[PDB]
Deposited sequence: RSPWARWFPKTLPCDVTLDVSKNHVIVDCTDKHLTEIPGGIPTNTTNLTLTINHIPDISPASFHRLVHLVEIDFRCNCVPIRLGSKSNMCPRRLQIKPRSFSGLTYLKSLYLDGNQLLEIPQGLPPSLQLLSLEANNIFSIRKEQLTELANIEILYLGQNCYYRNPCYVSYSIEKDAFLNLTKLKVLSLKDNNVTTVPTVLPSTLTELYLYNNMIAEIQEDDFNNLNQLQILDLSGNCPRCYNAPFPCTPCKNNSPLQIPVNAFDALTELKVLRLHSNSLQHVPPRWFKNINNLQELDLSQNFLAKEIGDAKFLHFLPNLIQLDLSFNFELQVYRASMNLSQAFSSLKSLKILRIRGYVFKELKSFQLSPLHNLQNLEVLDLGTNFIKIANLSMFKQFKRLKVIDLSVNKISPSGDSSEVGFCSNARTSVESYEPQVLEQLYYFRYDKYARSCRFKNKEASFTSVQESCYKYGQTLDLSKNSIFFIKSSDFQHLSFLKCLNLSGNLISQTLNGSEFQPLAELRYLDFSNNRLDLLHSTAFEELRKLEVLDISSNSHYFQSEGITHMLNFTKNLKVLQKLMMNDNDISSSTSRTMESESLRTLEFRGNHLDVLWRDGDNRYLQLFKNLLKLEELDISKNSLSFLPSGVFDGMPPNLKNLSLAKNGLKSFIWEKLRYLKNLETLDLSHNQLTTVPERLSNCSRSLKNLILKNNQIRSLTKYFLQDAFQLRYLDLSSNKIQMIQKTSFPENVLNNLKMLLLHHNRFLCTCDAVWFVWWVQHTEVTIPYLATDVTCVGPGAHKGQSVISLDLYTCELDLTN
């Protein structure tokens, strides 16, 4: 019971520990900075709005501001919305920030600014001006930034935001920024490394530029540098999904052998897409502490078979040599140099896109005694042959990734993976064979792999009648992803040899379920004694040879994207107890099953401990709410995206345990007279995207409403007449969380009130 309603269209959080008062106005369709922002505001976010200008009046009384995030109020045309394009660039008048003596962070990215804003306070530590039109850096324009530590200037001149000229940086522009630690000049059309840079730099990003050559002294004074990224300078442009201009004569980025001598603290070196043909060992002479090295998207296929530089990297943790294939060559094998054995600290090795026909055990011998190796990624290599038993010498690994290959019996190609916008590994040893050509499996294929905990066979070509003998050696397996295959459940003994199986995914195996009159033994679960979760989504199941699925252990069943409407055809009672004997089942997802109605017997046929039931996206037109009495343990009921027109007369007379009721996206036009009357257990109600006009106190008693963790009412058809007097007052003065109050909890009428938020509604004429 608030005494003064909050009409400000921003979320106001109070973090009393750090004295911070956070005002978040992100994406509120604002054309001006709203009035009434708290005077003690420390963090103000006005991101994704259409405020055309900043002036001394903008933050006049907000003297305690430590951060202003004013991003994307005039986003460049190619990066922004075409339905609501920005007409003019953001105008910043003088003395807008100079009075803010506590300002530490200022983000003005994506506003089409032509110059670095001046009159900034001396307390500023972070300045961000990405995706603007600033492509000439002058020393006089950086004088104000004396105490700056982090400076983002990238994305001011590239294909999604062109400047039509080379980027210019005056000599020693950044040299006297004595506290500068992070400098990013990525995606800027830069032609040379700016010199002299301040020796305090810890991170330097110069990737996706036009730097053809590094001078031997470009990084001579950067003895504190930890991260250096020169990627995308002389890029490898074959199959580039973005406009890509390589260096002439197919030349690499020219780096002198002594260019990194001063970088004794370097931990990360990124040389992705630099068209490199050799990696001279001399580069890493003085770099002893290097931990991450990205050499992907170069022409290093031959170098991988020699790689003498690896002898100088005993502390390297991560090495990436992906997409170094030679065009038009299909190598018979992967030639890894013996030098890989000197990478004592290596945890992750990635060599995708090398392109070779057959993987043999001895080709991985240089990796055999790398004691800290955790990930070996050889995906996207068009490997046709691989004896999986070779991985018996790789039991210590966490993931063996052979995904996207031809084995049978956006990251590397995105322009800027760090661009700013406006899984079974946890089970243990994983062998990922997903998106391969395995059409048939036999026990001998998995010999010597009894240590595996997860096997991903998703997206293979397996059209087999499994009988419980195919995975016999996989005694420790806990997770089997068999999705996107053609499983034929002729035998109820399928998967029974996987005695420790906890999760089975057989989703998207619709092939044999789509053809009429063939056997489907859905009772196969009875033999899996420790199975906790079963997924059989998108199988188009409309028939079954077994009338009951049984399990003493299963807790979760996902059965979405099937045809329970056909199995439960009215007059056919045979499958109304299909899930009844899944005695420990707690979660059942039967959404997207074309259930326009539920026959009588479905609720009585549910297993006894059912907690979360989803009947979403079914086209449900009616629902006998009283039948929820059968589900004595129901806590969550999802009826979203259906065609329901009513709520129960008494929700308490339907379920004594229901905590979360989701009714969003239905056709509800009104609530029953005593809907939530005495439903004291309800903690979450979603009635959003319905057609409710009125809500009276009898339907929504305050003794129930105040207990709610959340109440969603947005996108309804609220009629703001004098009959809505209680609802409007309650919404304005309630502590109960209701999202979208200042953006989509609106009056649709009458007249004057059409389109008006109920939070700003004044109904004084109703009490004269």
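Asks: Could you give the ranges of the deposited sequence that carry no C-alpha coordinates?
Replies: Unmodelled stretches, in sequence order: 1 to 4, 414 to 440, 454 to 467, 814 to 817.
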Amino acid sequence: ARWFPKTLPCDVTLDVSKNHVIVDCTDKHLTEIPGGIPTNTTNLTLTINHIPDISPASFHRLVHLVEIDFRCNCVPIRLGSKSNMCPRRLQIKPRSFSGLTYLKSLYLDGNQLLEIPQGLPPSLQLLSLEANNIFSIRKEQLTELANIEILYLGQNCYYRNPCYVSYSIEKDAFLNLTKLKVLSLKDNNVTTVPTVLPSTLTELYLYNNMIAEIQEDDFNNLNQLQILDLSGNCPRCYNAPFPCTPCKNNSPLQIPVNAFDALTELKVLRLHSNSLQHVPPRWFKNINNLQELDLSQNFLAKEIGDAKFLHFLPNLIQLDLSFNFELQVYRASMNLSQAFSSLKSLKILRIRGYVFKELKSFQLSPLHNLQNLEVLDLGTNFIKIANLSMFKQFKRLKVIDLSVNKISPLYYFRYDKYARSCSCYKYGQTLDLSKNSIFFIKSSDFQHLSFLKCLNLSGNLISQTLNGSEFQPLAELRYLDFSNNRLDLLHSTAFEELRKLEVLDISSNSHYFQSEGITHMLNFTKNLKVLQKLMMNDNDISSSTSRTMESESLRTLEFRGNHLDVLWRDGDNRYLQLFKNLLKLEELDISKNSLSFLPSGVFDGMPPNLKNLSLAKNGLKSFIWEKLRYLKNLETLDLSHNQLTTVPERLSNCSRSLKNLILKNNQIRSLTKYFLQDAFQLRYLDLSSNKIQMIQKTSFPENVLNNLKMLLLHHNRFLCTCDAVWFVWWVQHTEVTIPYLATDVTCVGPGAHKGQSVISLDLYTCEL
From here on, numbers count along this sequence of modelled residues.
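Asks: Looking at the entry, does 559 to 567 or 310 to 318 show the higher mean C-alpha B-factor?
Replies: 310 to 318 has the higher mean C-alpha B-factor.
Asks: Which is higher on mean Cα B factor in this entry, 88 to 96 or 202 to 210?
Replies: On average, C-alpha B-factors are higher across 88 to 96.
Asks: Go through 237, 585, 334, 300 one by one and give the residue whose Cα B-factor in the PDB entry is largest.
Replies: Most elevated C-alpha B-factor of the set, per the entry: 334.
Asks: If you compare 615, 183, 521, 422, which has the highest Cα B-factor in the entry?
Replies: 422 has the highest C-alpha B-factor of those listed.
Asks: Among the modelled residues of this chain, does the Cα B factor of residue 456 put it in the lowest, middle or highest third?
Replies: It falls in the bottom third of the chain.
Asks: Splitting the chain's C-alpha B-factors into thirds, which one does residue 675 fall into?
Replies: Top third by C-alpha B-factor.
Asks: Among all modelled residues of this chain, ranked by Cα B factor, put residue 354 in the bottom, middle or top third, i.e. lowest, middle or highest.
Replies: CA B-factor rank for residue 354: lowest third.
Asks: Please rank the C-alpha B-factors of the chain's modelled residues and tell me whether residue 713 sits in the lowest, middle or highest third.
Replies: For residue 713, the deposited C-alpha B-factor lands in the lowest third.
Asks: Taking the C-alpha B-factors as the PDB entry records them, is residue 516 in the lowest, middle or highest third of its chain?
Replies: CA B-factor rank for residue 516: middle third.
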